[PDB]
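S.K.:
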Amino acid sequence: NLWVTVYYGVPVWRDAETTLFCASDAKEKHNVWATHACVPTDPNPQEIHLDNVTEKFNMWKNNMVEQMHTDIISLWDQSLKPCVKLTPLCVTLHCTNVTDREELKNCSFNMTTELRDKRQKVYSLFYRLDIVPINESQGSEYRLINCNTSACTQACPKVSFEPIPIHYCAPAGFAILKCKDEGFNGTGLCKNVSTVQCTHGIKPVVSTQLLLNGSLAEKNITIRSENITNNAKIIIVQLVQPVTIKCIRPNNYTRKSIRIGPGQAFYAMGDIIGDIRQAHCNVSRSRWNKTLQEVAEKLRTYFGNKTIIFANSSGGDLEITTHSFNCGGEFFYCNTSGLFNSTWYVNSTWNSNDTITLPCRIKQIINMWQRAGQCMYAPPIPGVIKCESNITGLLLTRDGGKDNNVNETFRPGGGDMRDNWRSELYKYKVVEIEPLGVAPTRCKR
Amino acid sequence: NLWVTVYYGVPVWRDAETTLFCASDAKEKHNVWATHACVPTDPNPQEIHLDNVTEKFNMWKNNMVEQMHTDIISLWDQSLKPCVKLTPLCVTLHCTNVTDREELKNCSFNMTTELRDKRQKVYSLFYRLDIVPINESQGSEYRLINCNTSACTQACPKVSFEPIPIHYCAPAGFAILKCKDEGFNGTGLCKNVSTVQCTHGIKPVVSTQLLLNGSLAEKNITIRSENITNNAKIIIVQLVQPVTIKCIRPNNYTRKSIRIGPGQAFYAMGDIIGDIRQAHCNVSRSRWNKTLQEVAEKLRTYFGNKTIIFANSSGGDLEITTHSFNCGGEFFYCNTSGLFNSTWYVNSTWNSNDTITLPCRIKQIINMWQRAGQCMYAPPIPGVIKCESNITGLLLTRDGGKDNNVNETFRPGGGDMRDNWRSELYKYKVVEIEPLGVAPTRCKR
Amino acid sequence: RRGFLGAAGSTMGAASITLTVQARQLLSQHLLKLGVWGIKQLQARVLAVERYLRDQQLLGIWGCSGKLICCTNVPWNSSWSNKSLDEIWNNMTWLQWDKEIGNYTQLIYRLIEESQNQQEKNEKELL
Amino acid sequence: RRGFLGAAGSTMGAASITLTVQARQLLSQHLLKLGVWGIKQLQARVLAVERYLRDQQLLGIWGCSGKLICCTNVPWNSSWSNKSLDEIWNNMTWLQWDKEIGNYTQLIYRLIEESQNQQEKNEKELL
Amino acid sequence: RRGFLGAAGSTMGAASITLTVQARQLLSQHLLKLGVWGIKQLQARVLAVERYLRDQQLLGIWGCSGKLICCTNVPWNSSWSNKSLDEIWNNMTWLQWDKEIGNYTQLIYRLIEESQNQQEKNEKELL
Ligand SMILES: *[C@@H]1O[C@H](CO)[C@@H](O[C@@H]2O[C@H](CO)[C@@H](O[C@@H]3O[C@H](CO[C@H]4O[C@H](CO)[C@@H](O)[C@H](O)[C@@H]4O)[C@@H](O)[C@H](O[C@H]4O[C@H](CO)[C@@H](O)[C@H](O)[C@@H]4O)[C@@H]3O)[C@H](O)[C@H]2NC(C)=O)[C@H](O)[C@H]1NC(C)=O
Ligand SMILES: *[C@@H]1O[C@H](CO)[C@@H](O[C@@H]2O[C@H](CO)[C@@H](O[C@@H]3O[C@H](CO[C@H]4O[C@H](CO)[C@@H](O)[C@H](O)[C@@H]4O)[C@@H](O)[C@H](O[C@H]4O[C@H](CO)[C@@H](O)[C@H](O)[C@@H]4O)[C@@H]3O)[C@H](O)[C@H]2NC(C)=O)[C@H](O)[C@H]1NC(C)=O
Ligand SMILES: *[C@@H]1O[C@H](CO)[C@@H](O[C@@H]2O[C@H](CO)[C@@H](O[C@@H]3O[C@H](CO[C@H]4O[C@H](CO[C@H]5O[C@H](CO)[C@@H](O)[C@H](O)[C@@H]5O)[C@@H](O)[C@H](O)[C@@H]4O)[C@@H](O)[C@H](O)[C@@H]3O)[C@H](O)[C@H]2NC(C)=O)[C@H](O)[C@H]1NC(C)=O
Ligand SMILES: *[C@@H]1O[C@H](CO)[C@@H](O[C@@H]2O[C@H](CO)[C@@H](O[C@@H]3O[C@H](CO[C@H]4O[C@H](CO[C@H]5O[C@H](CO)[C@@H](O)[C@H](O)[C@@H]5O)[C@@H](O)[C@H](O)[C@@H]4O)[C@@H](O)[C@H](O)[C@@H]3O)[C@H](O)[C@H]2NC(C)=O)[C@H](O)[C@H]1NC(C)=O
Ligand SMILES: *[C@@H]1O[C@H](CO)[C@@H](O[C@@H]2O[C@H](CO)[C@@H](O)[C@H](O)[C@H]2NC(C)=O)[C@H](O)[C@H]1NC(C)=O
Ligand SMILES: *[C@@H]1O[C@H](CO)[C@@H](O[C@@H]2O[C@H](CO)[C@@H](O)[C@H](O)[C@H]2NC(C)=O)[C@H](O)[C@H]1NC(C)=O
Ligand SMILES: *[C@@H]1O[C@H](CO)[C@@H](O[C@@H]2O[C@H](CO)[C@@H](O)[C@H](O)[C@H]2NC(C)=O)[C@H](O)[C@H]1NC(C)=O
Ligand SMILES: *[C@@H]1O[C@H](CO)[C@@H](O[C@@H]2O[C@H](CO)[C@@H](O)[C@H](O)[C@H]2NC(C)=O)[C@H](O)[C@H]1NC(C)=O
Ligand SMILES: *[C@@H]1O[C@H](CO)[C@@H](O[C@@H]2O[C@H](CO)[C@@H](O)[C@H](O)[C@H]2NC(C)=O)[C@H](O)[C@H]1NC(C)=O
Ligand SMILES: *[C@@H]1O[C@H](CO)[C@@H](O[C@@H]2O[C@H](CO)[C@@H](O)[C@H](O)[C@H]2NC(C)=O)[C@H](O)[C@H]1NC(C)=O
Ligand SMILES: *[C@@H]1O[C@H](CO)[C@@H](O[C@@H]2O[C@H](CO)[C@@H](O)[C@H](O)[C@H]2NC(C)=O)[C@H](O)[C@H]1NC(C)=O
Ligand SMILES: *[C@@H]1O[C@H](CO)[C@@H](O[C@@H]2O[C@H](CO)[C@@H](O)[C@H](O)[C@H]2NC(C)=O)[C@H](O)[C@H]1NC(C)=O
Ligand SMILES: *[C@@H]1O[C@H](CO)[C@@H](O)[C@H](O)[C@H]1NC(C)=O
Ligand SMILES: *[C@@H]1O[C@H](CO)[C@@H](O)[C@H](O)[C@H]1NC(C)=O
Ligand SMILES: *[C@@H]1O[C@H](CO)[C@@H](O)[C@H](O)[C@H]1NC(C)=O
Ligand SMILES: *[C@@H]1O[C@H](CO)[C@@H](O)[C@H](O)[C@H]1NC(C)=O
Ligand SMILES: *[C@@H]1O[C@H](CO)[C@@H](O)[C@H](O)[C@H]1NC(C)=O
Ligand SMILES: *[C@@H]1O[C@H](CO)[C@@H](O)[C@H](O)[C@H]1NC(C)=O
Ligand SMILES: *[C@@H]1O[C@H](CO)[C@@H](O)[C@H](O)[C@H]1NC(C)=O
Ligand SMILES: *[C@@H]1O[C@H](CO)[C@@H](O)[C@H](O)[C@H]1NC(C)=O
Ligand SMILES: *[C@@H]1O[C@H](CO)[C@@H](O)[C@H](O)[C@H]1NC(C)=O
Ligand SMILES: *[C@@H]1O[C@H](CO)[C@@H](O)[C@H](O)[C@H]1NC(C)=O
Ligand SMILES: *[C@@H]1O[C@H](CO)[C@@H](O)[C@H](O)[C@H]1NC(C)=O
Ligand SMILES: *[C@@H]1O[C@H](CO)[C@@H](O)[C@H](O)[C@H]1NC(C)=O
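From first to last, the protein sequence lines stand for chains X, E, W, D and A. Counting in my numbering, the first sequence runs from 336 upward without gaps. Counting in my numbering, the second sequence runs from 336 upward without gaps. Counting in my numbering, the third sequence runs from 8 upward without gaps. Counting in my numbering, the fourth sequence runs from 8 upward without gaps. Counting in my numbering, the fifth sequence runs from 8 upward without gaps.
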């Protein structure tokens, strides 16, 4: 006969959910992500390739993207908790034009001081986007935006917004399965599986309509979507060639600090050196629209021989209608209409610098995670700032037309913030290993 | 042949770092150290003597002194968190002399109240050290010191600053090694080692230039320093005979409570009963100048036939230039120039009461750990207060001479706050025991 | 010699020679700030210990503690699986076997528990 | 009979008589305020459990769980230490020997693993 | 078959047949908010692990790990209890016996330690 035997350490697993902890090369100026407070990453992480193994992956039903979203939001609130809260800034502002160039406003207002029995009159420039008119005095009285919803917290100037890579590790007794299949679209059975204890360096680069400093495709422009035929689902496309984009804030402001209360001060922009200049972003036209042809032809495989048309975002909030990012301190808002403006036929070919210039707007009062209230005030960075980014992906949205036409339009959709993390975690899935196994054998001989 | 065998519970160890937890005879009024919240100490703590064992100790590279410093600071902040924050006290103060005797100032100022639509004018005495003039108006219109840096938190009157002993215990699987060598200078190989799970009663008595209520030397006056020849290193000397010091606050003030806001009040000193009197500290001259000779001759061993000279501090902050301590509620600042004022030759002998009187200053606004901001306001203690302390050690600093002189000058140096803890933890070190051992033997017979 | 979990694709007969590599990795700053990252690490550390003890306690009651492989007195009921002893060990893998016995895993666990307990009291406790 | 860790100075042969006194002390208010002191105690308790399990799991895989002393199949390689048996068990102490095998401690740990795993699969798992 | 702790009223001889049912229940959202309820659950989970390891470590040093019943070399001293072997196993229950040996429970626990360590050194450690 046969007897039942139990095995310990069997190599099996199941889908599960667990509390993943951070891991990074600790070392120094703190950052908003508090990476210095997590476990230090190992110098030679182990990665094992599972031979003969095939596993099913679902980037849209993954829990890592959802768990990471909560952690990023929690860290953002934790970093802003000890900083000064700008509650006295909600005062009547008297603004005038700076001595289009109406992007800035020279506002003057009353303010408190360390002495409770004394006040002070100060002045400081303010971007027009972060100002709302009261309308009682028409065009000479204003107030800070979102002042009627919550008091924004000034970001601590000692912490930087640099998105250093952070590795997501699983606790003992669990593992992170990695898919090494070439050109995997993020869904289905992976024919080349691998395992690792921690994910690669994930840079929490917050962006909209364009993935910056993200991973690059291996051999071909990959497209991902849970239902490509659907209209409400966002389309994630990964590029193979990183399209370099150079942004700059030519204005040279003078940072001025005013003590609004005992032991706390408010930082604002003083006068501008030189003259006003519009912020913008440059990108090579030859290399940029060349990728559009490759992106268009790749998209053509999912829609027959129809032509591909790129149009600017329909309209709505500034966060979703403009390419938002951050040059390590200043939040940009650039109009991508100069990029997604073309039509590509089935035989169309793209065929000097001629760099495309994208005008950009800047805001100080910002809501990162589209939450009501909980706003943050970004202090100004002194001097001119420049940041170069690697465009490795795009967030597209398909219009919901009749679809019987000979063409189909695509728009740069902001989607959800989770899409930024999902573009990097599509290759991972957490599983719970079951070391206990049971199998029969002719034992007791 | 020989086979490898593993032993569990082997008596070996290694240097390590761990999270030590408190232990005391908890039982009642609370204290700033929150001793009631830690584990209760055992009634008969076990101590074992390691025969034939010798271990290396390094009081300067020990981690317990650093870990204790963080815990003491953390407890100090934790106790001040639920107390009222004196933010409305930052107002212009109109002061006049009390009806040298200019140590106090009778100040009058406006203040808030429970009714937000009402204000109140109050008055209260303030020490000249805790007040700074605005300089815009002479002879009046003063402001609290450190008001332009942070809002001090009023110490809760329900918690006392009594430094009850606290025992530092190690987690299971670790142990504390005690050095029982007679007259150990704190560094080197200890020829008489012992082990214990928890340290003796450590009293967090914060003091400067003099160690109060600390441990006493066993047989001879011990001197400790990482590099005695280094002029930039503090010198710790332990006395064998405790030098009693009697301090007193003869002023009899009347405590008055004024409600600055809903459910919170501010305590301050009212008028003085009788007349103004200077606070001071007494110490026997015969017993005090006797120990200096013993301290001088002991120091002479490290400098040849050179003579020893004692001089007051070379100026600086009041915390480091004066002997700071606390009579359980009032922070004293006594000048030690009357003590470290003498010269001792190679043959010099010290040879009635004649008690030495040390004038002292008192402050309410204080910064215990030399941190910017995070100040605290000590409420006044009603009635006359007296506290007797046991001087068991001194913190000395040697001037950077040319080395060719026939004498050596020493100054009472404040050093670092960690020196106070290091004077008591020099005899301990934490080690991690490795119960798993491996050794060969002719087994399998 | 593959690394951790590298024998997941090999057959059951060949995957059992690396059991120690997976069993060893079931449990692999002194201070803790208890922040966002600290809280997650604390839960991960506690969760790891519980998972290890959850499976270790079963081996303890089963009388197989300290053994990577052990045979019990519970006979193999063909109703659970009719696979032959050859294809099950030399052709099929553990991952495919986990989904077949998952329906009867709980019943087998209880059977092994009472079998060991009865045998323990039968041999020991003479009177 | 000395207390805990009292046999640290005795020779190797005389130190093995007190193994239980050190093994028993590896783990020796119901509510928790989670304050400054509470957080430290919580970490200490968790750290102590991990340290105990870290060394206990090694004995489990090695097949020596529940045994204070056990002999394995790994022969003693003279390269690790060429000293005789009489001077090691009757003249030297554990502390001096720890710093000699520390270099080869990791290799010996791994060697004892497959040496036990292979024996398990060789004796058990008849087919 | 009674449930958990159902054999508390049965005699000693009949209560020992269900040891596994009580031994199995000694340890029986992934995220944690660390709130009022979260803190209590965290302490409860940690306390459960400590309690399990507290009793498990005793069996480890005693050499009975992985065994529900085990016999040691310590003879039964009549001073602890002079009751006969029949009435104790067939008439008295575990609850009534617990309050009798509570005075000598710690002494018996210590007596089992060297009784096992001495045996280990006598059988093992040939030289
Ligand atoms: C995608 O990834 C790229 C590449 O990493 C990012 O580009 C970098 O962006 C960071 C900011 O996010 C830039 O860093 C800043 O650069 C400035 C210039 O540095 C030069 O000058 C300094 C002396 O002033 C030299 O030491 C240095 O070597 C350079 O020659 C500095 O003004 C900034 O300093 C600030 O930070 C440091 C560190 O915290 C502080 O000590 C300073 O006080 C100050 O606050 C800063 O270092 C970096 O230069 C960019 N690199 C390039 C190649 O352009 C993109 O930002 C990223 N994209 C997105 C969207 O995240
Ligand atoms: C070095 O160590 C010495 C010896 O321990 C310390 O000296 C003691 O200092 C404490 C304060 O830190 C003194 O305690 C206070 O004494 C006052 C007088 O107490 C007398 O009267 C009461 C009532 O009749 C008697 O029970 C008592 O025996 C004395 O006869 C009181 O005003 C204080 O009580 C009030 O405050 C405490 C704490 O807030 C409350 O619990 C009480 O309810 C009450 O409100 C208090 O007891 C003590 O008297 C000092 N002893 C001596 C011998 O002088 C040094 O302070 C210490 N040095 C340093 C630098 O830390
Ligand atoms: C936003 O709007 C604010 C005002 O609301 C602008 O700030 C002011 O800008 C004006 C110019 O537009 C500044 O006035 C100019 O300052 C120059 C520097 O003056 C230097 O000399 C002075 C010598 O003292 C005499 O003059 C002063 C008055 O200025 C008297 O008080 C003295 O008694 C003496 O008579 C110094 O005081 C001064 O510090 C300099 O050394 C000069 O070119 C001009 O004569 C003119 O006065 C004015 O100072 C600014 N005010 C403040 C508070 O900053 C701001 O620029 C606007 N921003 C933008 C972007 O448009
Ligand atoms: C700091 O500076 C402050 C002032 O800024 C000083 O405080 C004042 O000190 C003066 C002088 O000591 C006090 O005035 C004195 O009070 C004595 C006691 O009063 C007696 O009469 C009271 C009733 O009469 C008063 O009230 C009625 C109305 O109800 C009026 O008509 C009267 O005119 C009186 O105001 C009784 O209640 C009380 O029990 C007594 O019988 C008295 O000896 C003197 O006549 C004199 O007025 C004054 O009250 C203090 N003010 C406050 C607010 O406390 C303070 O002492 C200074 N401190 C130091 C250390 O110098
Ligand atoms: C699974 O995917 C990986 C992706 O890295 C392939 O890796 C091979 O790695 C070696 C060593 O770096 C390279 O020289 C090979 O060129 C890689 N192969 C390819 C096809 O690019 C691995 O080969 C894949 N495995 C299978 C079975 O297809
Ligand atoms: C991603 O690739 C998978 C296959 O690896 C695609 O899944 C197939 O989708 C077609 C759509 O017509 C179905 O007929 C097949 O049955 C699907 N196969 C499986 C195994 O599910 C999936 O559609 C791809 N997604 C995208 C966005 O391209
Ligand atoms: C993807 O979405 C499409 C629609 O965008 C689904 O296909 C049909 O959608 C219509 C409505 O437009 C429904 O009435 C039909 O029932 C859908 N077809 C079926 C077979 O259900 C499609 O089902 C979605 N899912 C996939 C996997 O393609
Ligand atoms: C931004 O403005 C500041 C302030 O004018 C410039 O800093 C000065 O640069 C000059 C260049 O010759 C130096 O001589 C000065 O010492 C700098 N400091 C000051 C206080 O004047 C800075 O160069 C400007 N930056 C740019 C990019 O134009
Ligand atoms: C190690 O130091 C200790 C310190 O206590 C010495 O303790 C002896 O303790 C007994 C009992 O209290 C005293 O009577 C002795 O006088 C102490 N000895 C001395 C020299 O003071 C212990 O003797 C020291 N051990 C060695 C080996 O020197
Ligand atoms: C404490 O005692 C030790 C010896 O027990 C002293 O160690 C000496 O340190 C100096 C530093 O320059 C070395 O040159 C000597 O060689 C050391 N001596 C020995 C015997 O190792 C140490 O200096 C003493 N410290 C004090 C402050 O007196
Ligand atoms: C301790 O301090 C002494 C000086 O007090 C150091 O010895 C020399 O000090 C001079 C300056 O006085 C330096 O220029 C030499 O470089 C020092 N010598 C050496 C060899 O570095 C001494 O090094 C310090 N450290 C110790 C451990 O004694
Ligand atoms: C400090 O001054 C107060 C207020 O005068 C004195 O309090 C005395 O307390 C007793 C308690 O029974 C009362 O009966 C008296 O009326 C109060 N006043 C006087 C003048 O005695 C307190 O005694 C004073 N303390 C000192 C040390 O002088
Ligand atoms: C699994 O991979 C191994 C290693 O290459 C190979 O020997 C074996 O034949 C493969 N098995 C299958 C079923 O593909
Ligand atoms: C961009 O697209 C246009 C229109 O299709 C094409 O003629 C051109 O070659 C592309 N490249 C550049 C650099 O303009
Ligand atoms: C898109 O482009 C059209 C044409 O230039 C413009 O009118 C519209 O405002 C643009 N929309 C956005 C969101 O920029
Ligand atoms: C985007 O750019 C186009 C072309 O310059 C312009 O017509 C449109 O108004 C812009 N939209 C915004 C929001 O600035
Ligand atoms: C490509 O085909 C379209 C029709 O589909 C035609 O209009 C266009 O001129 C062609 N381009 C060429 C031949 O270059
Ligand atoms: C160690 O101390 C013991 C106990 O006194 C003694 O018997 C033994 O000889 C000592 N060994 C050495 C090497 O000093
Ligand atoms: C220790 O003190 C004694 C007097 O008790 C003294 O004679 C001796 O010299 C001192 N020894 C040292 C090493 O300082
Ligand atoms: C030490 O004190 C005594 C007693 O007051 C005094 O006679 C002696 O002169 C003092 N020492 C010196 C050197 O002043
Ligand atoms: C001691 O030395 C000092 C300094 O050289 C000298 O003035 C004094 O007379 C000496 N006296 C004795 C008693 O040796
Ligand atoms: C075997 O399994 C079948 C199906 O569940 C069941 O009816 C039968 O009683 C089992 N036999 C034994 C001996 O457990
Ligand atoms: C013994 O150790 C030496 C030195 O590391 C090594 O070369 C040799 O292979 C080892 N022998 C065995 C049998 O492990
Ligand atoms: C039995 O117990 C009695 C009473 O405590 C004691 O005196 C006696 O020594 C014990 N005998 C043994 C063998 O332990």
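Cβ atoms here follow ideal geometry from the backbone N, Cα and C, with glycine treated the same way.
Using the C-alpha atoms, what's the distance from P506 (chain E) back to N740 (chain E)?
M.R.: Looking at the two C-alpha atoms, the distance is approximately 52 Å.
S.K.: Just to check, is the beta-carbon of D406 (chain E) closer than 8 Å to a non-hydrogen atom of ligand 13?
M.R.: no
S.K.: Who pairs with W348 (chain E) in a beta bridge, going by DSSP?
M.R.: E:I768
S.K.: Assuming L760 (chain E) and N527 (chain E) are in contact, meaning their beta carbons sit under 8 Å apart, how far apart are those beta carbons, in whole angstroms?
M.R.: Rounded, the Cβ-Cβ distance is 18 Å, inconsistent with contact.
S.K.: Any heavy atom of ligand 2 closer than 8 Å to the CB of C662 (chain E)?
M.R.: yes
S.K.: Return yes when the Cβ of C616 (chain E) is within less than 9 Å of the Cβ of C514 (chain E), no when it is not.
M.R.: Going by C-beta atoms, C514 (chain E) is not nearer than 9 Å to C616 (chain E).
S.K.: Cβ of residue 320 (chain E) within 8 Å of any heavy atom in ligand 18?
M.R.: The structure shown does not extend to residue 320 (chain E), since chain E is modelled only from 336 to 780, so the question has no answer here.
S.K.: Can you give me the C-alpha to C-alpha distance between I691 (chain X) and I580 (chain X), rounded to a whole angstrom?
M.R.: Going by the C-alpha atoms only, they are around 10 Å apart.
S.K.: What are the uninterrupted segments assigned as beta strand (DSSP E) that are 3 or more residues long and contained completely in the region 682-729 of chain E, given in chain order?
M.R.: Listed in chain order, they are 691-698.
S.K.: Can we say the region 92-100 of chain D touches the region 348-361 of chain E, given the rule of at least three CB pairs closer than 8 Å?
M.R.: In this structure the region 92-100 of chain D does not lie against the region 348-361 of chain E, because fewer than three pairs of beta carbons, one per stretch, are closer than 8 Å.
S.K.: Return helix, strand or coil for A30 (chain A), following the three-state DSSP convention.
M.R.: helix
S.K.: Per DSSP, which residues does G523 (chain E) bridge with? Please list them.
M.R.: E:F392
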